[PDB]
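Right, one structure below, let's go through it.
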Amino acid sequence: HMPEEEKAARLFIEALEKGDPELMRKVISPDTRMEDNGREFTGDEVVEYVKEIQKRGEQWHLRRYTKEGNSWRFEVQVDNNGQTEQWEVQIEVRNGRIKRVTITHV
């Protein structure tokens with residue numbers, strides 16, 4: 001069994017893994033904000049982000065995660081075109097909804 005907060009963050013990650021904009025649309029809220037290496041996305045832009053993942057054939061795979069303070073920190077492997085990267089995805093779930101997502105890969 002999975003608590004509601006952990007479940008929501010997991011579904012966000014699943015939508016990335018599946019490259020599935022439809023799932024992502026069901027997870028986020030109009031005020032969800034996401035940052036990926038400087039680029040900012042809010043609301044349906046996050047869905048657009050997933051569309052682009054699906055388009056470019058970018059592959060996400062969840063490796064491991066922990067709860068750090070009041071955010072979930074996911075270690076995700078991201079592949080494309082023969083290159084493999086380790087990215088960090090930090091999710092704050094506030095009041096059962098995805099509030100802020102921070103993607104880091106440097």
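Each chain of the structure tokens is named A, B, ... in the order shown, its residues numbered from 1; ligands are numbered from 1 in display order.
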Where in range 14-80 of chain A does DSSP assign strand (DSSP E or B), given as a PyMOL selection string?
-> chain A and resi 33-36+39-42+59-68+71-80
Identify, with DSSP run on backbone atoms, the residues in chain A assigned to alpha helix (DSSP H), and express the list as a count of residues only.
-> 35
Spatial neighbours of residue 66 in chain A, 12 Å, only C-alpha atoms, chain gap at least 2 places, as a PDB file with C-alpha atoms, in the first residue's frame:
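So the final result, stored in result.pdb, reads:
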```pdb
ATOM      1  CA  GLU A   6       3.945   9.261  -2.205  1.00  0.00           C
ATOM      2  CA  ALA A   9       4.773  11.890  -6.802  1.00  0.00           C
ATOM      3  CA  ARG A  10       5.156   8.352  -8.146  1.00  0.00           C
ATOM      4  CA  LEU A  62      13.303   5.457 -12.104  1.00  0.00           C
ATOM      5  CA  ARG A  63      16.221   3.984 -10.149  1.00  0.00           C
ATOM      6  CA  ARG A  64      15.680   4.896  -6.518  1.00  0.00           C
ATOM      7  CA  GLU A  68      14.027  14.366   1.934  1.00  0.00           C
ATOM      8  CA  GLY A  69      12.294  16.765   4.285  1.00  0.00           C
ATOM      9  CA  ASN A  70       8.928  17.476   2.694  1.00  0.00           C
ATOM     10  CA  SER A  71       9.929  16.566  -0.842  1.00  0.00           C
ATOM     11  CA  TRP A  72      10.520  13.353  -2.715  1.00  0.00           C
ATOM     12  CA  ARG A  73      13.885  12.963  -4.362  1.00  0.00           C
ATOM     13  CA  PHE A  74      13.977  10.620  -7.340  1.00  0.00           C
ATOM     14  CA  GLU A  75      17.135   9.372  -9.030  1.00  0.00           C
ATOM     15  CA  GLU A  88      17.579  14.189 -10.072  1.00  0.00           C
ATOM     16  CA  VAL A  89      13.865  14.922  -9.823  1.00  0.00           C
ATOM     17  CA  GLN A  90      12.645  16.624  -6.667  1.00  0.00           C
ATOM     18  CA  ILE A  91       8.905  16.777  -6.073  1.00  0.00           C
TER      19      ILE A  91
END
```
Write out as a PDB file with N, CA and C atoms, in the first residue's frame each polymer residue whose atoms come within 10 Å of residue 49 in chain A, counting only C-alpha atoms; drop sequence neighbours fewer than 4 positions from it.
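To be explicit, this is the file written out as result_36.pdb:
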```pdb
ATOM      1  N   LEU A  16       6.533  10.372 -16.841  1.00  0.00           N
ATOM      2  CA  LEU A  16       7.803  10.630 -17.506  1.00  0.00           C
ATOM      3  C   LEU A  16       8.383   9.334 -18.075  1.00  0.00           C
ATOM      4  N   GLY A  19       6.506   8.296 -20.916  1.00  0.00           N
ATOM      5  CA  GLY A  19       6.464   9.329 -21.931  1.00  0.00           C
ATOM      6  C   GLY A  19       5.033   9.590 -22.353  1.00  0.00           C
ATOM      7  N   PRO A  21       1.793  11.815 -22.140  1.00  0.00           N
ATOM      8  CA  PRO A  21       1.165  13.105 -21.818  1.00  0.00           C
ATOM      9  C   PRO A  21      -0.205  12.945 -21.186  1.00  0.00           C
ATOM     10  N   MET A  24       0.259  12.341 -17.513  1.00  0.00           N
ATOM     11  CA  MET A  24       0.728  13.577 -16.878  1.00  0.00           C
ATOM     12  C   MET A  24      -0.389  14.594 -16.668  1.00  0.00           C
ATOM     13  N   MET A  34       7.249  23.583 -12.616  1.00  0.00           N
ATOM     14  CA  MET A  34       8.399  22.707 -12.814  1.00  0.00           C
ATOM     15  C   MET A  34       9.558  23.497 -13.391  1.00  0.00           C
ATOM     16  N   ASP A  36      13.410  22.807 -15.045  1.00  0.00           N
ATOM     17  CA  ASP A  36      14.390  21.863 -15.569  1.00  0.00           C
ATOM     18  C   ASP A  36      15.602  22.625 -16.101  1.00  0.00           C
ATOM     19  N   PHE A  41       8.330  25.690 -16.316  1.00  0.00           N
ATOM     20  CA  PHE A  41       7.051  25.230 -16.876  1.00  0.00           C
ATOM     21  C   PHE A  41       5.957  25.300 -15.813  1.00  0.00           C
ATOM     22  N   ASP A  44      -0.213  23.284 -18.024  1.00  0.00           N
ATOM     23  CA  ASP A  44      -0.210  22.471 -19.242  1.00  0.00           C
ATOM     24  C   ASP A  44       1.136  22.458 -19.965  1.00  0.00           C
ATOM     25  N   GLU A  45       2.010  23.419 -19.682  1.00  0.00           N
ATOM     26  CA  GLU A  45       3.381  23.347 -20.194  1.00  0.00           C
ATOM     27  C   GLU A  45       4.102  22.085 -19.721  1.00  0.00           C
ATOM     28  N   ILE A  53       9.199  14.772 -24.718  1.00  0.00           N
ATOM     29  CA  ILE A  53       9.950  13.575 -24.339  1.00  0.00           C
ATOM     30  C   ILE A  53       9.582  12.432 -25.267  1.00  0.00           C
ATOM     31  N   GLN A  54       8.282  12.265 -25.473  1.00  0.00           N
ATOM     32  CA  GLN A  54       7.742  11.237 -26.342  1.00  0.00           C
ATOM     33  C   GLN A  54       8.203  11.445 -27.785  1.00  0.00           C
ATOM     34  N   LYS A  55       8.175  12.694 -28.236  1.00  0.00           N
ATOM     35  CA  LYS A  55       8.655  13.054 -29.564  1.00  0.00           C
ATOM     36  C   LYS A  55      10.128  12.695 -29.782  1.00  0.00           C
TER      37      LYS A  55
END
```
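One finds CA of residue 39 in chain A at 16.5 Å from CA of residue 99 in chain A.
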What's the 10 Å shell around residue 12 in chain A, counting only C-alpha atoms, without same-chain residues fewer than 4 positions away, as a list in words?
->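 That gives residues 7, 8, 16, 17, 23, 24, 25, 26, 27, 28, 91, 98 and 101 of chain A.
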CA of residue 5 in chain A to CA of residue 57 in chain A, distance in Å rounded to a single decimal |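 Computing it gives 29.0 Å between the two atoms.
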So which residues touch residue 80 in chain A within 9 Å, counting only C-alpha atoms, skipping near sequence neighbours fewer than 4 positions away, as a list in words?
-> residues 56, 57, 58, 59, 84 and 85 of chain A
Serialized selection, C-alpha atoms, as a short mmCIF file (atom, residue, chain, number, x, y, z; two decimals), in the first residue's frame:
```
data_model
loop_
_atom_site.label_atom_id
_atom_site.label_comp_id
_atom_site.auth_asym_id
_atom_site.auth_seq_id
_atom_site.Cartn_x
_atom_site.Cartn_y
_atom_site.Cartn_z
CA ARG A 56 12.43 12.91 -29.06
CA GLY A 57 12.28 9.29 -27.89
CA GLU A 58 13.98 10.29 -24.63
CA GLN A 59 13.94 7.38 -22.18
CA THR A 84 22.96 7.92 -20.67
CA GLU A 85 22.54 10.54 -17.94
#
```
